[PDB]
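Participant: The structure is given below, and queries will be raised subsequently.
In the deposited numbering, the protein residues as written are 76 to 580, 589 to 604.
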């Protein structure tokens with residue numbers, strides 16, 4: 076070969092083998108070691124190295140599932156198993172937690188447990204409650220109780236430094252405003268600074284593989300970021316007065332869950348298509364008059380390679396970049412998907428523009444829709460779907476058209492994915508431009524439906540509706556069907572990356596963590 080494997084990577088591949096032997100020495104140990112096999116899954120999953128151990132993990136989780144009563148003996152293993160089995164699509168019930176709710180809605184830990192072990196149990200209780208399905212009250216009560224308990228634990232400063240870093244990370248990021256490698260980065264420090272944890276047999280090999288894998292794959296992403304920066308110069312987008320370097324942020328977002336080197340097209344196309352979606356949303360919402368938005372829709376209906384030369388320089392080259400990007404994305408998708416997907420692709424992009432046009436009509440005509448109408452059109456106008464479809468199609472997973480309908484529009488899955496983007500955006504208290512100063516908005520449509528409602532009552536409703544819709548989204552996402560799980564996982568992690576992105580808008592910190600700063604070894 077012209078390039079031999081780096082020494083970091085050889086070390087990592089060795090550790091992968093030693094850790095597989097750890098799974099298989101766990102499975103070869105007879106007797107219900109169910110909790111010991113679940114704890115190993117936990118470690119490799121929090122550290123976002125689970126892709127190297129998918130067989131070992133499925134075996135261990137099948138064991139954990141088969142002896143699920145033997146493994147819910149106390150609050151901590153009940154919660155730890157509830158979260159991991161549910162996220163890995165096993166059909167477990169949150170009922171197992173009602174067994175630990177006594178009077179006044181406290182949750183009980185084994186009394187033989189030390190104060191750090193009780194916080195361990197309440198931490199897993201907190202983390203389990205975050206993946207709630209609709210109409211599971213115990214999740215709401217578990218979250219309520221564990222938030223209070225963990226906050227009081229911090230207000231007492233009689234806590235080790237690593238346990239405190241774990242409580243604050245878990246309370247700050249939760250689940251929906253979070254991604255796999257963001258958790259991994261935090262747990263590398265949380266585990267690493269725990270002497271008793273790093274001394275347990277095999278734990279230092281897991282932490283070391285985690286650090287090696289973060290760094291090895293970060294240098295691939297960083298090599299790939301160079302093609303994105305080249306495209307931004309070549310596409311001439313760097314001349315568009317109304318486009319930020321958001322393309323690096325989006326690339327970083329994709330890298331925090333789409334990790335493998337083979338998936339370079341997913342990360343690139345997510346970065347490009349999501350940057351161009353923003354630029355389009357700016358052409359339609361602010362710049363561009365009614366005339367030019369019409370010619371844009373026209374060019375996209377016909378799929379012209381360019382615009383009419385008489386149009387502004389800003390928009391004419393925004394269009395050309397868009398046209399080239401959608402084409403190249405569709406091409407890579409043809410490579411894996413085994414079929415021509417540019418027809419399908421283009422129709423997705425028209426539905427996005429249809430949605431953006433409708434909102435500019437509303438603004439043009441002084442029209443204030445109802446919330447039901449606003450959220451119905453606000454799904455395609457959120458832009459969610461155009462940033463997810465084409466990149467997901469470039470993944471090695473085959474999605475025939477009659478499978479794609481279960482994941483894309485018009486499925487309940489895509490609708491809830493779009494709604495999360497839309498509602499999170501419409502509940503933002505700290506967007507610089509502010510939403511109080513726009514005619515059509517989730518806030519002002521709730522107030523047309525409820526005359527006399529303040530902007531406060533409205534915002535509370537939309538925040539709580541976002542919570543209801545995310546529980547439906549989690550249930551839909553984790554519901555068995557014919558879609559390959561890796562496709563659903565990427566679509567779902569696009570939605571989380573927007574929740575995260577809005578939370579951090589500190590966004591320079593995210594890109595640095597994921598892309599530019601390696602973790603000390």
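Ideal placement from N, C-alpha and C gives every residue a C-beta, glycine not left out.
Taking the alpha-carbon of residue 284 as reference, which of 481, 80, 92, 511 has the nearest alpha-carbon?
Facilitator: If you number the chain shown from 1, residue 284 lands on position 209. Minimum Cα distance to residue 284 is reached at 92.
Participant: Does the Cβ of residue 296 have 16 or more other Cβ atoms within 10 Å, making it buried, or fewer, making it exposed?
Facilitator: Residue 296 sits at position 221 when you count from the first residue of the chain shown. It is buried - the Cβ of residue 296 has at least 16 other Cβ atoms within 10 Å.
Participant: Just to check my reading of the structure: residue 102 and residue 133 have Cβ atoms closer than 8 Å, yes? What is that Cβ distance to the nearest angstrom?
Facilitator: As a position in the chain shown, residue 102 is number 27, starting the count at 1. As a position in the chain shown, residue 133 is number 58, starting the count at 1. About 11 Å separates the two Cβ atoms, so there is no contact after all.
Participant: What distance in whole Å lies between the Cβ atoms of residue 322 and residue 346, which are believed to be in contact at a cut-off of 8 Å?
Facilitator: Position 271 of the chain shown, counting from 1, holds the residue named residue 346. Position 247 of the chain shown, counting from 1, holds the residue named residue 322. Right, their Cβ atoms sit about 5 Å apart.
Participant: Report all residues from its chain with a CB closer than 6 Å to the CB of residue 332; omit the five preceding and five following residues, and keep chain order.
Facilitator: Within the chain shown, residue 332 is the residue found at index 257, counting from 1. Cβ within range, chain order: 254, 255, 568.
Participant: Buried or exposed for residue 105, going by 16 or more other Cβ atoms inside 10 Å?
Facilitator: Taking the first residue of the chain shown as 1, we reach residue 105 at position 30. Residue 105 is exposed by the Cβ-count criterion.
Participant: Mapping the DSSP letters down to three states, classify residue 176 as helix, strand or coil.
Facilitator: Mapped onto the chain shown, residue 176 falls at position 101. Of the three classes helix, strand and coil, the one that applies to residue 176 here is strand, per DSSP.
Participant: Find out if the Cβ-Cβ distance for the pair residue 307, residue 316 is shorter than 8 Å.
Facilitator: Here residue 307 refers to the residue found at position 232 when the chain shown is read from its first residue. Here residue 316 refers to the residue found at position 241 when the chain shown is read from its first residue. Taking 8 Å as the Cβ cut-off, residue 307 and residue 316 do not qualify as a contacting pair.
Participant: Could you say if the stretch 466 to 474 and the stretch 537 to 544 meet the contact criterion of at least three C-beta pairs nearer than 8 Å?
Facilitator: Output reads no: the stretch 537 to 544 does not touch the stretch 466 to 474.
Participant: By Cβ distance, which residues of its chain are closer than 8 Å to residue 300, with the 5 residues on each side in sequence left out?
Facilitator: Numbered from 1 along the chain shown, position 225 holds the residue referred to as residue 300. Contacts found: 323, 326, 598.
Participant: Output the distance between the C-alpha atoms of residue 270 and residue 452, rounded to the nearest integer angstrom.
Facilitator: In the chain shown, residue 270 corresponds to position 195, counting from 1. In the chain shown, residue 452 corresponds to position 377, counting from 1. Cα to Cα, the separation comes out at about 53 Å.
Participant: So, do the stretch 544 to 551 and the stretch 487 to 495 have three or more beta carbon pairs nearer to each other than 8 Å?
Facilitator: Touching, per the Cβ criterion.
Participant: Can you confirm whether the stretch 116 to 134 touches the stretch 231 to 249 when touching is taken to mean that 3 or more C-beta pairs between the two stretches lie within less than 8 Å?
Facilitator: The answer is no - the stretch 116 to 134 does not touch the stretch 231 to 249, with fewer than three Cβ pairs under 8 Å.
Participant: Could you say if the stretch 514 to 523 and the stretch 555 to 566 meet the contact criterion of at least three C-beta pairs nearer than 8 Å?
Facilitator: Too few Cβ pairs lie closer than 8 Å, so no.
Participant: What are the start and end residues of the alpha helix (DSSP H) that includes residue 507?
Facilitator: Taking the first residue of the chain shown as position 1, residue 507 is located at position 432. Residue 507 -> no alpha helix (DSSP H), and no H or E assigned at all.
Participant: Does the stretch 398 to 413 touch the stretch 431 to 451, meaning 3 or more C-beta pairs lie closer than 8 Å?
Facilitator: Touching, no.
Participant: Quick check: what's the CA-CA separation for residue 281 versus residue 362?
Facilitator: In the chain shown, the residue the question calls residue 281 occupies position 206. In the chain shown, the residue the question calls residue 362 occupies position 287. If you take the alpha carbons of residue 281 and residue 362, they lie about 51 Å apart.
Participant: If we ignore side chains and look at the alpha-carbon of each, how far apart do residue 157 and residue 111 end up?
Facilitator: On the chain shown, residue 157 is found 82 positions in, with the first residue counted as 1. On the chain shown, residue 111 is found 36 positions in, with the first residue counted as 1. One C-alpha to the other measures close to 15 Å.
Participant: Where DSSP assigns a beta bridge to residue 182, which residues make up the other side?
Facilitator: The residue given as residue 182 occupies position 107 in the chain shown. Residue 182 pairs with 176.
Participant: Using the C-alpha atoms, what's the distance from residue 318 back to residue 304?
Facilitator: One-based indexing of the chain shown puts residue 304 at position 229. One-based indexing of the chain shown puts residue 318 at position 243. The straight-line gap from Cα to Cα measures roughly 14 Å.
Participant: In angstroms with no decimal places, state the Cα-to-Cα distance between residue 336 and residue 292.
Facilitator: Mapped onto the chain shown, residue 336 falls at position 261. Mapped onto the chain shown, residue 292 falls at position 217. If I take the Cα positions, the gap works out to 8 Å.
Participant: Closest by CA to residue 504, which one among 232, 482, 535, 476?
Facilitator: As a position in the chain shown, residue 504 is number 429, starting the count at 1. Taking only the C-alpha atoms, the option nearest residue 504 is 535.
Participant: For residue 168, which three-state DSSP category applies?
Facilitator: As a first step, residue 168 must be located in the chain shown, where it is residue number 93. In this structure, residue 168 counts as coil in the three-state DSSP scheme.
Participant: Assuming residue 209 contacts residue 546 under a Cβ cut-off of 8 Å, what Cβ separation, rounded to an integer in Å, is found between them?
Facilitator: Translated into positions along the chain shown, residue 209 becomes position 134. Translated into positions along the chain shown, residue 546 becomes position 471. Between residue 546 and residue 209 the Cβ distance is about 5 Å, and since that is below 8 Å, they are a contact.
Participant: Ordered along the chain, which non-local residues of its own chain (more than five positions away) have a Cβ less than 6 Å from that of residue 273?
Facilitator: Locating residue 273 in the chain shown gives position 198, counting from the first residue. The residues are 279.
Participant: Under 8 Å by Cβ, that's how I've got residue 171 and residue 153 pegged, so tell me the actual separation to the nearest angstrom.
Facilitator: On the chain shown, residue 171 is found 96 positions in, with the first residue counted as 1. On the chain shown, residue 153 is found 78 positions in, with the first residue counted as 1. Confirmed, Cβ separation roughly 5 Å.
Participant: Short of 6 Å in beta carbon distance, which residues of its chain neighbour residue 142, apart from the five on each side in sequence? Order them along the chain.
Facilitator: Within the chain shown, numbered from 1, the residue matching residue 142 stands at position 67. So the qualifying residues of the chain are 107, 109.
Participant: Inspect the beta-carbon positions of residue 358 and residue 393 and report whether they are closer than 8 Å.
Facilitator: Walking along the chain shown from the start, residue 358 turns up at place 283. Walking along the chain shown from the start, residue 393 turns up at place 318. The answer is yes: Cβ separation under 8 Å.
Participant: Quick check: residue 422 and residue 416, are their CB atoms within less than 8 Å of each other?
Facilitator: As a first step, residue 422 must be located in the chain shown, where it is residue number 347. As a first step, residue 416 must be located in the chain shown, where it is residue number 341. Against a cut-off of 8 Å, the Cβ pair of residue 416 and residue 422 comes out as no contact.
Participant: Sort 390, 448, 577 by Cα distance to residue 507 and report the nearest one.
Facilitator: Indexing the chain shown from 1 puts residue 507 at position 432. The option with the nearest alpha carbon to residue 507 is 577.
Participant: Let me make sure I understand the geometry here. Which of 258, 502, 187, 222 has the alpha-carbon closest to that of residue 180?
Facilitator: Residue numbering aside, residue 180 sits at position 105 when the chain shown is read from its first letter. The candidate whose alpha carbon is nearest that of residue 180 is 222.
Participant: According to the Cβ coordinates, are residue 486 and residue 494 closer than 8 Å?
Facilitator: As a first step, residue 486 is located in the chain shown; it is residue number 411 there, counting from the start. As a first step, residue 494 is located in the chain shown; it is residue number 419 there, counting from the start. Not a contact, by the Cβ cut-off of 8 Å.
Participant: Select from 458, 344, 364, 370 the residue whose C-alpha is nearest the C-alpha of residue 406.
Facilitator: Mapped onto the chain shown, residue 406 falls at position 331. Out of 458, 344, 364, 370, 344 has the C-alpha closest to the C-alpha of residue 406.
Participant: Once you ignore the five residues that flank residue 441 on each side, which residues in its own chain have a CB closer than 8 Å to its CB?
Facilitator: Here residue 441 corresponds to residue number 366 of the chain shown, with the count starting at 1. Once the five neighbours on either side are set aside, the close Cβ partners of residue 441 are 514.
Participant: Residue 130: which of 85, 121, 94, 149 sits nearest, CA to CA?
Facilitator: The residue given as residue 130 occupies position 55 in the chain shown. Residue 130 has its Cα closest to that of 94, out of 85, 121, 94, 149.
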